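Understanding the architecture of this molecule
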Amino acid sequence: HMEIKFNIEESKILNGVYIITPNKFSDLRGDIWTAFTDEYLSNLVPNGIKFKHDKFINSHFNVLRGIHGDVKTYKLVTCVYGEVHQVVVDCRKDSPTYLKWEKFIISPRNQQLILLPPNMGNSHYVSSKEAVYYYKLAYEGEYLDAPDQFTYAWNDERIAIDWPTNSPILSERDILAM
Amino acid sequence: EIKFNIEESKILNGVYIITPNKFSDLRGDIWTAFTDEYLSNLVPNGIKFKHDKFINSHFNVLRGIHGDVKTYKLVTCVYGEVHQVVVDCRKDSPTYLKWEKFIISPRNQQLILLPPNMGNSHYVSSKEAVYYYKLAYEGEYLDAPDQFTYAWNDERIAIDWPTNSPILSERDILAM
Ligand SMILES: Nc1nc2c(ncn2[C@@H]2O[C@H](COP(=O)(O)OP(=O)(O)O)[C@@H](O)[C@H]2O)c(=O)[nH]1
Ligand SMILES: Nc1nc2c(ncn2[C@@H]2O[C@H](COP(=O)(O)OP(=O)(O)O)[C@@H](O)[C@H]2O)c(=O)[nH]1
Ligand SMILES: [Cl-]
Ligand SMILES: [Cl-]
C-alpha cells in the first residue's frame with residue numbers, strides 16, 4: 001500500500017528469467033505503483049549494465065509481435081493497460097531449455113514485470129481491445145535495431161507456443177519469419 | 001532512428017518539452033520515452049533517472065499540486081488523456097505561480113521535464129488514463145510527508161481546469 005516493495009521470483013523452468021511483482025497504493029481515484037528503482041532491481045543485471053532505455057508499444061486486439069531478441073539486451077517487460085500473453089523463448093543453444101518457452105498473462109489486475117536476459121526470444125499477443133506494453137532495456141553501447149536482431153516465427157513448429165489465435169495481425173518482418 | 005525534439009518552455013524557464021517520434025503501422029505504435037544518451041543532459045552531473053512510476057486514474061480525477069526540494073520529473077500519459085499542469089513553485093523565479101498546460105495523450109505524446117520545487121498536477125479527461133513518471137534524485141525517495149501541496153484551484157495560480165468538481169484525495173482537499 002504505502003512503502004515501495006517488490007517480490008522477485010526466478011522462473012522455475014527458464015534459468016535467469018525473473019517475475020517481479022510490485023505492490024500498489026489503491027483508492028477510489030485508481031492506483032500508484034513503482035515499476036522500477038535502481039536500489040531494488042539494478043542487481044538483476046550483471047555489473048555496470050544499466051537499464052537506460054524505456055519503450056512503449058501500443059497494440060490492437062489480436063496483434064502478435066515477435067519472436068525477437070539479440071545478444072546485448074536485458075528486457076524488463078509488463079502491460080500497464082489491457083492484457084497480453086507475454087511469451088519468453090529460451091534461445092540459448094547451451095541451455096537445457098533451448099527453444100522451450102514460458103507464458104505470463106500480464107495486465108494491471110496481475111501486474112508482473114518479466115526480466116529476460118539477452119539471447120532470449122521476446123513476444124506478446126494482445127488479448128484485450130487495446131494494450132500498452134512497457135519495457136526497460138539494459139545494454140552497453142548502441143541499441144540493436146531490427147536488422148541486427150534475430151526473428152523466430154510466432155508459430156515455429158520446434159518452439160510450438162500455445163497462442164489463442166491462428167490469424168494474428170503481423171508485421172512483414174514477423175510474416176517473413178514464417 | 002529514435003528521434004527526440006528537446007524544446008524549453010516559452011513560459012517557465014528550466015521546463016523542457018520532449019517530443020518522441022513513433023513507428024506506426026497496422027499493429028499500433030512503437031516509441032522510446034527515454035534514453036540516458038538523449039535525455040541525461042536535462043539533469044545535473046551525478047543525478048540519474050533511477051525510479052519509474054505509473055499512476056492509473058479514472059475520469060475526472062485531479063491529482064496535485066505536488067512538489068519537493070530535490071526531484072526532477074519526466075511525466076507523460078501513455079494511455080487516455082490528461083490536462084498536465086506544471087506550476088512554477090520556485091519563489092526566487094520571476095514566474096512563481098505561473099503555469100503551463102499540456103493536453104497529453106497517445107495523439108500528443110509530449111514528455112514534460114520538471115525541475116525541483118515545481119508544482120506537478122494532472123486532470124483525467126478520458127474514461128481512464130495511465131500517467132507515466134520518471135524520477136531523478138540523489139538519496140532516498142521523498143514521499144508525501146516530505147512534499148509540498150498547492151491547492152488545485154488556488155486563485156493566486158488561477159489554473160484553467162475543465163471542471164469545478166474534480167475527484168480529489170484528502171491531501172488535495174486539505175490544500176483547499
Ligand atoms: N505502493 C506504493 N505506494 C505509493 C507509491 N507512491 C505513492 N504511494 C502511496 O500512495 C499514497 C498517496 O501518495 P501521494 O503522493 O499523496 O499520491 P498522489 O495523489 O497520486 O500524488 C501515500 O500513502 C503514498 O505512500 C508507490 O510507488 N508504491
Ligand atoms: N521511432 C522509433 N521507431 C522504432 C522504435 N523501435 C522500433 N522502431 C522501428 O519500428 C519498426 C518495427 O520494429 P521491430 O523491432 O521490428 O518492431 P516489433 O516488431 O514491434 O518489435 C522498425 O522499422 C524499427 O526501426 C522506437 O523506439 N522508435
Ligand atoms: Cl522485444
Ligand atoms: Cl508528482
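With that settled, the discussion passes to the UniProt feature "binding site: GDP" (unreviewed entry) in chain A. UniProt annotation of "binding site: GDP" (unreviewed entry) refers to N23(A), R29(A), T34(A), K55(A), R65(A), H68(A), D145(A) and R173(A) when read in the numbering used here. What stands out for the annotated residues spanning 151 residues is how far apart their C-alpha atoms range, the widest pair being 41.1 Å apart. For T34(A), a relative accessible area of 5% puts it in the buried group. In terms of polar contacts, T34(A) uses its side chain to reach the side chain of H51(B), at 3.2 Å. Of note, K55(A) is situated in strand β5 (residues 51-60). With relative accessibility at 7%, the residue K55(A) sits in the buried group. Filtering out sequence-adjacent residues up to four positions away, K55(A) remains in contact with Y133(A), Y134(A), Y135(A), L137(A), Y143(A), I30(B), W31(B) and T32(B).

Before going further, it helps to examine the UniProt feature "binding site: GDP" (unreviewed entry) in chain B. Residue and element names in this part refer to chain B. Within this numbering scheme, the UniProt entry marks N21, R27, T32, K53, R63, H66, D143 and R171 as carrying the feature "binding site: GDP" (unreviewed entry). Here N21 lies in the loop between β2 (16-20) and β3 (23-25). Given a relative accessible area of 35%, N21 falls into the partly exposed group. With sequence-adjacent residues up to four places away left out, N21 is seen in contact with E1, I2, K3 and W31.

Our next topic: the sheet that holds strand β2 (residues 18-22) of chain A. Reading across from one edge, β1(A)-β2(A)-β10(A)-β7(A)-β12(A)-β5(A)-β4(B)-β3(B) is the order of the eight strands in this open sheet, with antiparallel pairing throughout. The open sheet has two free edges, formed respectively by β1 (6-10) of chain A together with β3 of chain B, since each of these has just one partner strand. Neighbouring strand axes in the sheet, compared pairwise and without regard to direction, differ in orientation by 20 degrees on average. Both β2(A) and strand β10 (residues 113-116) of chain A contribute to a ladder of three bridges, which runs antiparallel. Among the inter-strand pairings, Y18(A) is bridged to a residue of β10(A), identified as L115(A).

Contacts to ligand 1 come from 17 residues, most closely from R29(A), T34(A), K53(B), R63(B) and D143(B). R63(B) has a polar side-chain atom sitting 2.8 Å from an oxygen atom of ligand 1. The separation between an oxygen atom of ligand 1 and a polar side-chain atom of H66(B) is 3.0 Å. Contact with the protein chains covers 90% of the free accessible surface of ligand 1, which is 590 Å². If you list the elements that add at least two residues to the shell around ligand 1, you get β4 (30-37) of chain A together with β6 (62-67) of chain B. With three residues, β4(A) is the single largest residue contributor to the shell around ligand 1. Of the residues in the shell around ligand 1, the class split is six nonpolar, five polar and six charged.

Criteria and thresholds
Residues numbered from 1 in each chain as written, not as in the entry; some residues may be left out. Chains lettered and ligands numbered in written order. Heavy atoms only, no water. Residues with missing side-chain atoms left out of burial classes, pairs and counts. UniProt positions renumbered as here; feature names shortened; annotations may be inferred. Buried < 20%, exposed > 50% of the residue type's maximum accessible area, 1.4 Å probe, protein only. Polar contact = N/O pair within 3.5 Å; in protein donor to acceptor, adjacent residues only side chain to side chain. Helix = DSSP H or I, 4+ residues; strand = E, 2+ residues; numbered from the N terminus. Contact = heavy atoms within 4.5 Å. Pairing = 2+ DSSP bridges. Axes fitted to C-alpha atoms, helices over the stretch in contact; angles between N-to-C directions. Near = heavy atom within 4 Å. Areas by Shrake-Rupley, 256 points an atom, 1.4 Å probe, with all protein chains shown as cover. Nonpolar A, V, L, I, M, F, W, Y, C, P; charged D, E, K, R; others polar.

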